[PDB]
Amino acid sequence: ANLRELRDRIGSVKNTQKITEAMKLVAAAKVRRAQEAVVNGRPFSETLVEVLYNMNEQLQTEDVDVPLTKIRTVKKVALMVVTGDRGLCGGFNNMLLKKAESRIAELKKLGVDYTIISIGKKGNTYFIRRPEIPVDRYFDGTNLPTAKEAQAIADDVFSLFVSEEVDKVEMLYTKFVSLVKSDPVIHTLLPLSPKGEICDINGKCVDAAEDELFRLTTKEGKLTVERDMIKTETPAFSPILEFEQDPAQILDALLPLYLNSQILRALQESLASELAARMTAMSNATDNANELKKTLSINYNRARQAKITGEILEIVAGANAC
Amino acid sequence: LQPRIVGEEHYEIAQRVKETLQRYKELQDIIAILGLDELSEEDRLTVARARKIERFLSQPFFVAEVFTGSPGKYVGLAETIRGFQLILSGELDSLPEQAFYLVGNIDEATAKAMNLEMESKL
Amino acid sequence: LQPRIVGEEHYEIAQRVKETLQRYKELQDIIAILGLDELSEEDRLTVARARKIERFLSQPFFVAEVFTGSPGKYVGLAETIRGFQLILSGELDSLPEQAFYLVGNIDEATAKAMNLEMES
Amino acid sequence: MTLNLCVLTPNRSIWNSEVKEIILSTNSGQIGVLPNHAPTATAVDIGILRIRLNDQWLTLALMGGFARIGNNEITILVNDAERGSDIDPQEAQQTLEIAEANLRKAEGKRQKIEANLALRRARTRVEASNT
């Protein structure tokens, strides 16, 4: 009973190829839904940045003193890492936690008293298995990331910074720039410029090349993504707004919205890049299962012909001896 | 199907038809996910030309006429390659896909296209 | 291959080499369909050390100097034992695998890794 | 017959329909807006945005944000605005009791602000789900 073994093995490889191409296609559909969420949530932040830019151009000579936008250089650090939810991940969570190790390596070496706010399920599993690194809060993706996860993370980061305990709350995540390569970035979150741009860990305003609103178009016959520069932004005009509230309180109520906007967009971008990595991993798995199905069918046909040959040669040998 | 045997023209047009149909076969899943609009322009013209080619590979038969009714056509190789040159370079792209289906001899495809457009004008 | 015949150090190093190669051969099908990205940390360290081992097991021959060039190396016994002790010990985990391919006497693998990272 | 109103959470536009009379709970208190209001760009506290459809008076449940009044095209950028009344008050009071409970245990300096904001959001949730 070896031929039924090879037949069932070939059947298992066929089924595994089928389910890997199914995972590939449904991951592509969820990439499409993630880009839908991103380009639908964009114009809120568009109007937010135009309002905030006008407000801060009217509020430079003032004293504004909002706790989110102050610069308390006594140098604590709160690096927040967001990782993938489920597995097969391409190479997402490994390189994320690797850059996390590199960042806490340069951090602890400077004695800046870092800490970690882990968001993803794979990342927080990694951190509960390695307690040698300190960690603040735990989050997950069974809860929907579009509203409630981002709201909870914004609540916790706001409660960490406004209660002025730690400085330099930055977020390590993975902007979806390519379907094969997804290099993580470290952008600061709360020690923000009052002008209201996303900055680097150096502060050098990476909104210059942020490349918003990625889209998916094939090039020749394989799937690729297109990222352009500027879309449907109207930030220029600054009409009279007639502030009824005290101007310091206006920014004091505006900046949490920017916190939520940045956290939500980073969650959505890391989700889309995780789904792209899973799409690529499942394409490779389908192709390897296809080549293995071919090899196993070859070996099966060989063994079947050898079995038939041996059987008839044995029967004929017995009949000739008789 | 080798240049030395069938002419470089016939070989190159047959290889281009094979490439077009293969690209469409690879792109059916993406068109099922994204759609024809979220593709690119070269891919979109490829998909349209491929649908037209796949319907042009049909033929009404002299012996299948007895239940289908269409008079049945004989298409030599010269009209085949002259029709596929026109359907592959952008000379006949403003036509319906149901105009090339179940015809021979690409002039009949243009004639049935004009009739299918008269169906709209009327 | 018995500790009373080849000593205990040779026997233990051959045992550990065969153990890591057996673990590699075990997980080969899983890393064939899926890939290296889904293993644990210790399993991927085992994979990397097994690839280093199976590269270091090759050698240039004196009689195959017509097939490759780069003339054959006679590698003694103690040099082989020390080279595999260094691979399995964790020292030589930060150098390319191609430094181990077609060399002998792991000092030459170190020299080839230096040459690779210098010529770039 | 009124100004254009768009309530916009971060992820989506909740609803962009126009209604008559809006009471906007700011950081300075409640303020009513009129159709053809002169432009006032204010803030919004964690509170209650009540509307009036000129047929019935309705409340909207929001967790903060910012507002802008323009030339009858007003935009209110909110934090968490759930349309109309999607909840009933029993689970609201089940959240109130646990928010006041965890206020005691959450006693560290950051937990003060955190529990206080959770309380101000639970209170606006229940006083929005009263109707």
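- Per the PDB entry, the recorded name for chain D is ATP synthase epsilon chain, chloroplastic, and the organism is Spinacia oleracea.
- Per the PDB header, the entry is named "Chloroplast ATP synthase (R1, CF1FO)".
- What UniProt records for chain D under Function is the sentence "Produces ATP from ADP in the presence of a proton gradient across the membrane."
- According to UniProt, the comment filed for chain D under the heading Subcellular location is "Plastid, Chloroplast thylakoid membrane".

- Under the PDB entry, chain C has the name ATP synthase subunit beta, chloroplastic and belongs to Spinacia oleracea.

## What to know about the overall build of chain D
Okay, so step 1: If you tally the helices and strands in chain D, you get 2 helices and 9 strands.
Okay, so step 2: Of the regular secondary structure in chain D, the N- to C-terminal order runs β-β-β-β-β-β-β-β-β-α-α.
Okay, so step 3: When the backbone C-alpha atoms are referred to their principal axes, chain D occupies close to 50 × 30 × 25 Å.
Okay, so step 4: Within chain D, the proportion of its 131 residues that are buried is 46%.
Okay, so step 5: Counting every atom, chain D has about 6300 Å² of accessible surface; 47% of that belongs to carbon and sulfur.

## What to know about the domain arrangement of chain D
Residue and element names in this part refer to chain D.
Okay, so step 1: Taken as a whole, chain D is organised into domain 1 (1-87) and domain 2 (88-131).
Okay, so step 2: Taking the mean C-alpha position of each, domain 1 and domain 2 sit 23 Å from one another.
Okay, so step 3: If you look at the interface, domain 1 gives 13 residues, while domain 2 gives 12 residues.
Okay, so step 4: Between domain 1 and domain 2, a total of about 1000 Å² is buried, with carbon and sulfur atoms accounting for 61% of that surface.
Okay, so step 5: When the buried surface of domain 1 facing domain 2 is broken down by residue, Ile-46, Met-63 and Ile-87 rank first, second and third, together holding 54% of it.
Okay, so step 6: Between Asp-45 and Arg-120 there is a salt bridge, with its nearest N and O atoms 2.5 Å apart.
Okay, so step 7: Applying the counting criterion to the domain 1 and domain 2 interface returns 3 residue pairs in polar contact.
Okay, so step 8: A class-by-class count of the residues in the side of domain 1 that touches domain 2 yields 6 nonpolar, 3 polar and 4 charged.

## A word on the sheet that holds strand β4 (residues 185-188) of chain A
Residues and elements named next belong to chain A.
Okay, so step 1: Strand order in this open sheet of 4 strands is β2-β1-β3-β4, and the pairing throughout is mixed. With one partner strand each, in any of the chains shown, β2 (116-118) and β4 form the two edges of the open sheet. Direction aside, neighbouring strands of the sheet carry axes that sit 25° apart on average.
Okay, so step 2: Across the face of the sheet, helix α5 (residues 247-321) comes into contact with β3 (169-173) and β4 while running at roughly 20° to β3.

## A few points about the arrangement of the chains
Okay, so step 1: Looking at the 3 pairs of chains with contacts, the pair that accumulates the most is chains A and D.
Okay, so step 2: The two partners chain B and chain D share no contact, and the minimum distance between any of their C-alpha atoms is 22 Å.
Okay, so step 3: Regarding chain C and chain D, the two do not touch, and the least distance separating their C-alpha atoms is 33 Å.

## Points about unusual backbone geometry
Okay, so step 1: The backbone of A:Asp211 shows a phi angle near 60°, a positive value even though the residue is not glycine.
Okay, so step 2: Take A:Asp211: it is sitting in the loop between β4 and β5 (215-218).
Okay, so step 3: A residue is classified by how much of its surface remains accessible, and A:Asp211, at 22% relative accessible area, is partly exposed.
Okay, so step 4: Even without being a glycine, C:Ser70 presents a positive backbone phi close to 55°.
Okay, so step 5: Relative to the assigned elements, C:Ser70 resides in the loop between α3 (41-56) and α4 (77-89).

## Thoughts on the side chain of A:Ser182
Residues and elements named next belong to chain A.
Okay, so step 1: Within the fold, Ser-182 resides in the loop between β3 and β4.
Okay, so step 2: Using a relative accessible area of 14% as the deciding quantity, one classes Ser-182 as buried.
Okay, so step 3: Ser-182 has contacts with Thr-174 and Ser-273, leaving out every residue within four places of it along the chain.

## Overview of the pairing of strand β1 (residues 78-81) of chain A
Residue and element names in this part refer to chain A.
Okay, so step 1: Of the two faces of β1, both are covered, the one formed by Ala-78 and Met-80 as well as the one formed by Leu-79 and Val-81.
Okay, so step 2: Pairing analysis gives 4 bridges linking β1 to β3, with the strands arranged parallel. Paired with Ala-78 across the bridge in β3 is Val-169.
Okay, so step 3: Pairing of β1 with β2 involves 3 bridges; the strand directions are parallel. Paired with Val-81 across the strands is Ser-118, a residue of β2.
Okay, so step 4: Taking the sense of rotation as the criterion, the β-α-β connection linking β1, helix α2 (residues 92-109) and β2 turns out right-handed.

## Re the packing of aromatic side chains
Okay, so step 1: Evaluated as defined, the whole model comprises 6 aromatic pairs over all chains.
Okay, so step 2: Summarising the aromatic geometry, the rings of A:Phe176 and A:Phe214 are spaced 5.1 Å apart at their centres and angled 70° between planes, so their arrangement reads as edge-to-face. With A:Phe176 in the loop between β3 and β4 and A:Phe214 in the loop between β4 and β5, this residue pair connects regions lying 38 residues apart in the sequence. The residues A:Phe176 and A:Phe214 share a single accessibility class, namely buried.
Okay, so step 3: Among the aromatic residues, those joined into a cluster by ring pairs are B:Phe56, B:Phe84 and B:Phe100.
Okay, so step 4: Here the basic side chain of C:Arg55 rests over the ring of C:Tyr101, its NZ or CZ set 4.7 Å away from the ring centre.

## Considering the packing of helix α1 (residues 3-27) of chain C against α4(C)
All names here are of chain C.
Okay, so step 1: Running from N to C, α1 and α4 point in directions that differ by 50°, and their axes come no closer than 10 Å. When the axis of α1 is compared with that of α4, the two are oblique. α4 is crossed by α1, and the crossing has left-handed handedness. Here α1 contributes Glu-9, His-10, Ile-13, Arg-16, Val-17 and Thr-20 to the contact with α4, which in turn contributes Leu-77, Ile-81, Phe-84, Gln-85 and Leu-88.
Okay, so step 2: For the contact of α1 with α4, the residue count by class is 6 nonpolar, 3 polar and 2 charged.

## Brief notes about a negative patch on the surface
Okay, so step 1: Where like charges cluster on the molecular surface, the negative patch consists of A:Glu62, A:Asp63, A:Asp65, A:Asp246 and A:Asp252.
Okay, so step 2: By secondary structure assignment, the location of A:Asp252 is in helix α5.

## Some remarks on the nonpolar core
Okay, so step 1: By size, the foremost hydrophobic cluster in this structure holds 44 residues, and its most contacted members are A:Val157 and A:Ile263.
Okay, so step 2: Counting residues per element, the ones that place at least two in this core are α1 (3-58), β1, α4 (145-161), β3 and α5 of chain A.
Okay, so step 3: Broken down by element, the residue count for this core peaks at 11 residues, all from α5(A).
Okay, so step 4: The residues contacting A:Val157, other than those within four sequence positions of it, are A:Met80, A:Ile117, A:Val169, A:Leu189, A:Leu190, A:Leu259 and A:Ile263.
Okay, so step 5: Listed in part, the 23 residues of the second largest apolar core include A:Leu216, A:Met279, B:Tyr24 and B:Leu39.

## A few points about the environment of D:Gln90
All names here are of chain D.
Okay, so step 1: Its place among the elements puts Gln-90 in helix α1 (residues 89-105).
Okay, so step 2: On the basis of relative accessibility, which here comes to 44%, the residue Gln-90 falls in the partly exposed class.
Okay, so step 3: Expressed as a C-alpha distance, the spacing of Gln-90 and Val-126, which sit 36 residues apart in the sequence, is 9.1 Å.

## Topic: the interface of chain A and chain B
Okay, so step 1: In this assembly, 11 residues from chain A lie in contact with 11 residues from chain B.
Okay, so step 2: Between chain A and chain B, a total of about 960 Å² is buried, with carbon and sulfur atoms accounting for 55% of that surface.
Okay, so step 3: For the chain A face of the interface with chain B, the top three residues by lost area are A:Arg32, A:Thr218 and A:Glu220, together amounting to 44%.
Okay, so step 4: Counting across the interface, chain A meets chain B through 4 residue pairs in polar contact.
Okay, so step 5: If you list the elements that add at least two residues to the side of chain A that touches chain B, you get α1 and β5 of chain A.

Procedures and definitions
Sequence-order numbering is used: residues on each chain count from 1 as written, possibly diverging from the entry numbering, and only residues with coordinates are shown. Lettering for chains starts from A, numbering for ligands starts from 1, and both go in the order in which the items are written. For these chains, which sit within a larger assembly, all listed values pertain solely to the part presented. The basis for the side-chain values is all heavy atoms of the structure; hydrogens and waters are excluded. UniProt positions are given in the numbering used here, feature names are shortened, and annotations may be inferred rather than shown by experiment. Secondary structure elements follow DSSP: runs of H or I of four or more residues count as helices, runs of E of two or more count as strands, with numbering from the N terminus. Each residue's exposure class comes from its accessible area (1.4 Å probe, protein chains only) as a fraction of the maximum for that residue type: buried when under 20%, exposed when over 50%, partly exposed otherwise. Each accessible area value is a Shrake-Rupley result obtained with a 1.4 Å probe; residue values ignore everything except the protein chains displayed when judging cover. Domain segmentation is taken from an automatic or database assignment of domains. A contact between two residues is defined here by any heavy atoms of the two lying within 4.5 Å. Throughout, the accessible surface (probe 1.4 Å) given up by two parts as they are put together, summed over both, is called the buried area. The salt bridge definition used is simple: a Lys or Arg side-chain nitrogen within 4 Å of an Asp or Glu carboxyl oxygen. Throughout this description, a polar contact denotes any pair of N or O atoms lying within 3.5 Å of each other; where both atoms belong to protein, one of them has to be capable of donating a hydrogen while the other can accept it, and for residues adjacent in sequence the pair is counted only when both atoms sit in side chains. Residues were grouped as follows: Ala, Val, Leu, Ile, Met, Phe, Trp, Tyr, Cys and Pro as nonpolar; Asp, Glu, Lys and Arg as charged; and all remaining residues, including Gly, as polar. Pairs of strands are assigned from DSSP output, requiring at least two bridges between the strands. Note on method: axes are straight lines fitted to C-alpha atoms, helices fitted across the in-contact stretch only, with angles between N-to-C directions ranging 0 to 180 degrees. Handedness is read with the strands pointing away from the viewer; a crossover is right-handed when the path from the first strand over the helix to the second is clockwise. To pair, rings of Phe, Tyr and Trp, with the six-membered ring standing in for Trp, must have centres within 6.5 Å; the planes then decide the type, stacked if under 30 degrees apart, edge-to-face if over 60, and tilted in the middle. Working rule: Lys NZ or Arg CZ, within 6 Å of ring centre, within 35 degrees of ring normal, means a charge sits over the ring. Relative orientations are named as follows: roughly parallel for angles under 35 degrees, roughly antiparallel for angles over 145 degrees, roughly perpendicular for angles from 65 to 115 degrees, and oblique for any other angle. Each crossing gets its handedness from the near helix: less than a right angle anticlockwise from the far helix is left-handed, clockwise is right-handed. Candidate patch residues must exceed 30% relative accessible area and have no salt bridge, after which like charges are joined if within 9 Å and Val, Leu, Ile, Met, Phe, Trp or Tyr side chains if within 5 Å. When charges are tallied, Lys and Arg are placed among the positive residues and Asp and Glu among the negative ones, while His and the ends of the chain are skipped. For the purpose of locating charges, the reference atoms are NZ of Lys, CZ of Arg, CG of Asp and CD of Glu. We call a set of buried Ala, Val, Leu, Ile, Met, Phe, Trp, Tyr and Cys residues a nonpolar core when their side-chain atoms join them within 4.5 Å.

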